[PDB]
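J.: The structure under discussion is supplied below as C-alpha cells; questions concerning it will follow.
In the entry's author numbering, the protein residues as written are 401 to 481.
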C-alpha cells in the first residue's frame with residue numbers, strides 16, 4: 401500500500417469480507433490489497449478494514465465518494481492512513 405494510497409474503512413456491514421470491500425472500491429482505481437479485520441475467536445468481522453490502492457489519487461477519489469456513503473443500516477467512515 402504505497403502512500404498516500406491507504407484507506408481505513410469503518411462502519412462496514414458485518415457481512416462484508418476482503419473481496420467485498422475490494423470490489424466496492426475498485427471503481428476508483430486498482431485496489432491492490434484489502435482486508436477486513438476479524439475477531440479471531442468468533443470470526444465475526446470487527447466492521448472495519450483496510451484498502452490499499454496503487455496510487456494516492458484513487459484513494460482521494462474513493463474518500464470523497466464513499467465517506468458517509470450509506471450501505472445497509474450503517475454509514476461508512478473512510479479515511480486516509
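From the three backbone atoms N, C-alpha and C, an ideal C-beta is built for every residue, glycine too.
1) Kindly indicate which residue of 452, 417, 474 has the alpha-carbon position closest to the one of residue 445.
2) Does the beta-carbon of residue 457 have 16 or more other beta-carbons within 10 angstroms, so that it is buried, or is it exposed?
3) To which residues of the same chain is residue 428 closer than 6 Å at the C-beta, ignoring the five residues directly before and after it?
4) What three-state label does DSSP hand residue 460 in the structure shown?
5) Apart from the five residues just before and just after residue 432, which ones in its own chain have a Cβ nearer than 6 Å to its Cβ?
T.: Straight from the coordinates:
1) Comparing alpha-carbon positions, the option among 452, 417, 474 lying closest to residue 445 turns out to be 417.
2) Residue 457 sits exposed, since fewer than 16 C-beta atoms from the chains shown fall within 10 Å of its C-beta.
3) Result list for residue 428: 458, 461, 462, in chain order.
4) Three-state DSSP puts residue 460 in a helix.
5) The residues are 452, 454.
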